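Subsequent text provides C-alpha cells for two forms of one protein chain, presented individually as structure 1 and structure 2.
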Structure 1
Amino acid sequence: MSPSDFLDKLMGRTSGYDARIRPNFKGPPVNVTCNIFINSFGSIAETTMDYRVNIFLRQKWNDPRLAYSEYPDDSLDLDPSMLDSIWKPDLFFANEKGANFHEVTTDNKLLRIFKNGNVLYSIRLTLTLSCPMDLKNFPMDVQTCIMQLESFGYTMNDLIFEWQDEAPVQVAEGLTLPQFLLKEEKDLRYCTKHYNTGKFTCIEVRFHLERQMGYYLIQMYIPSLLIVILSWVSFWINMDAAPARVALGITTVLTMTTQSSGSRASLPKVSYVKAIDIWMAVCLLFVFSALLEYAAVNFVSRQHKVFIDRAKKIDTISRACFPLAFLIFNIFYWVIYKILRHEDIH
C-alpha cells in the first residue's frame, strides 16, 4: 500500500480515531519528553525587558491508537498539512510575548509515527520571551533569562512534561552577543503551577548572561580617573597664579561634565541609580572639591606671614589627602561591586 493510504486507514473514519481525545483517555497521564535546540539568541532589550530566540522544539509521546504491525516500514511520516488529524499536546510558552511558525518553502514541521505508537513531533519557531532585568550593578550586572513550557488546558493527571535526559537544551556553536556572554551551564527546573483548577505541568530552563566590561573600562572609568588625576595638579601649581589654578579647576569640572553628558547616549534608560552613576557622581564631587580647596587657599592667603603658611599647609595636606581618599573610595567601590554582590547562587 502507498504509505499515505495506510495513514488514511490508521487515522480513518472507519478506525474512529478522534484527534480531540488524548491517548489513554481514561487511564494514566500522557508523558511528553521535550528537547530544545537554540539556533539563534539575541535582541536582548532593557526597554521592553525581553529577548528573542529561534529554536527547534521536539516533543515525544506514545499514542496506542497509532500502533500498527501489518506495514513493513517501522516509521511513517504525516504530511504537515494533515497535522490537525492527530492529537498533539497543547504546549505554550508561559512567558512568551510573541511567536510565529516558519513557512518559508514547505512548513517547517515534522511528525513521525513509529510501530509501537510513539510519535515524534519537531517544529521550528521564533519566540520573543520576557525577562525582568535588574541593572542596579549595571556595568557589572549578571542577568538570568528563563523559558517556561506549560500545558494550557490539561492538569497533571492528564498531561506531564519532562526534559530529555541526554541533551534537553543545546545551543548552536558560534553565537555571539553584542553586550552579553551566554554561559555554558543551564538549569533544568520544574515550575509546576498550582491554580484553582488544579495542578498544571510546567518545565523551565535558565540561561545566565554576564555583561562584558572592557569597553566601559576603556571609555568611561579610565577617562574619568584621568580627569580626577588632572584636578590634583593644581596642588603643585604656585598659589599666586590664580588664573591658572581657577581656569584649571573649572575646565576640569567642564571636562567631567562633557564626559558624563557624552556617555549619556550609550547607557540604558532606567529611572533608578546604577553603579556607573555612583562612580560618575563621586568623580564629579572630587573635581568640585579640588576647586573649593583653591577657593579656600586663595581667600586665606590674602588677609593684609602666619596667613601665608596656613595657606601653604592647606596645599601640602591636600597633596596627600586627595589621592588617599580617592584610593579608599576605589577600594570600597570595586570591593562592594565585585565581591559583596554575586547573584548566581541559584
Structure 2
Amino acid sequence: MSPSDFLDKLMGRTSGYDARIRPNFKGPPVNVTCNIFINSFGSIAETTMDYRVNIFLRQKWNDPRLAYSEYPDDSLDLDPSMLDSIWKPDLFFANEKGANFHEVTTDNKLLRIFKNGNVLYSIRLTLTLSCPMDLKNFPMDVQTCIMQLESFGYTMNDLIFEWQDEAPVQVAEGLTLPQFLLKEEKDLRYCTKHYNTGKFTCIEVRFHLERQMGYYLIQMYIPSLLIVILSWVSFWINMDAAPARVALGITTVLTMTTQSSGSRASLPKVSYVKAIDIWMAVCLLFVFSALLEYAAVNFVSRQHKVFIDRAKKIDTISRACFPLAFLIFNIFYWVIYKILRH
C-alpha cells in the first residue's frame, strides 16, 4: 500500500495519537534505555572548568500506540521532519553550560519504529560540560569527567532512564586526545535528583582521563632542573668575583620566580598547593640557599688565615652537598608522587 498514507494513518489526527501524552499515561513508568557514541572528545580547559564533547545520543523506548502489524516491514526508518509530532523524552544534561544541535545540511536526527512499538531515536549533540577538577597532584593527576542525563519535567513515577546492557558508551576508533589518555573502562552509576518539585530520574557516566607528563617535563621540570644546575655552577667560581657570583645568583632566583609564576598561567585560581607548586617552591628554596651560601662565604672571607680556609671549606662541602640534597629530594618526590596516585 501507499507509504504516504501509512505515515498519517499510524499516527496523527486520524488515529488520535497525541504527542503530549506518555506511552503509558496511567500505569507503569516508561523505561528509556540510553547509549552514547563519542564522535570527538577534547577542548578540556582547566581555566573554564569544562570540556567539549560531540556525541550521538540514542534513546530506545516502547510506545504501544506506534505498534503496527499490517505493514510487512519489521523495522522502518522515518524522516526527521515528523519528529515534532511524536512523543520524545525530555532528556537534558545537568552539568552542561552550553549545547546545540547540528543542522549542517539537514537535521542530524534518526528515528526507527519497530513492529512491536519500539522507538529508536538517535541525535547528534555538541556539549560543553562542566567538570569539577581536583587540581592537587596537578601534573600527575587523573581527572574524572561526569555526564548526567536527567528528566527535567517527568517524575520517577512517570519516566525512568536506564543504561543499555550491551555497549552503553562506545568511542570512535582512533579518537585520541593531545593532553590525556581516556581509559577503556567507563563507570556507570545511578544519580537521582531530589528537589522540592519531586524525584527525577538520572543516569551518570564518568570518564577517567590521565594527563601525560611529556609536555610538563619539557616545559616546566627540565628548565627548572637546568636553573638549579645553573645555581650549582656558582660553587665552582672563585671567591673574590663578587659581581659574577651575585649576578648569577640574582638572575637564577629571578628566573626561578618567573617560572614559578608562569607555571600557573593556564590554570584557575585554586588555593591549595599542587605538585608543580611544591616543585617550584623547593627549586626556589635551593637557588635562594645557594645565594645565601655565597653571602655567608663573602661575609666570612672579609672578617680579617682561618677565615679563608673556613670559607673555602664551605664551598667545598657545598659542591657535594647541594646536588646530593637535591638528588634526595628528587628521589623522595618522584616516589611519593608515583605511589599516592593508585
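By rigid core we mean the largest C-alpha set that fits within 1.5 Å across both forms. The first residue in the sequence of structure 1 is number 1, and each one after it adds one.
Visitor: Which one moved? Candidates are 110, 202, 188, 237, criterion is a Cα shift of 2 Å or more between the two structures after superposing on the core.
Guide: So the only displaced C-alpha belongs to 237.
Visitor: Could you check whether the CA atom of residue 59 moves 2 Å or more between the two structures, using the rigid core for the fit?
Guide: Superposed on the core, residue 59 moves its C-alpha less than 2 Å between the two structures.
Visitor: Can a Cα shift of no less than 2 Å be assigned to residue 167 between the two structures, given superposition on the rigid core?
Guide: No, the C-alpha position differs by under 2 Å between the two structures.
Visitor: Does residue 127 shift between the two structures by 2 angstroms or more at the C-alpha, the core having been superposed?
Guide: Superposed on the core, residue 127 moves its C-alpha less than 2 Å between the two structures.
Visitor: Using the rigid core as the frame, report the C-alpha movement of residue 218 between the two structures, one decimal, in Å.
Guide: For residue 218, the C-alpha ends up 4.3 Å from its position in the other form.
Visitor: Rigid core superposed, I'd like the Cα shift of residue 6 between the two structures in Å.
Guide: So the C-alpha of residue 6 has moved 0.1 Å between the two structures.
Visitor: Relative to the superposed core, report the C-alpha shift of residue 82 between the two structures in angstrom.
Guide: With the rigid core fitted, the alpha carbon of residue 82 is displaced 1.1 Å between the two structures.
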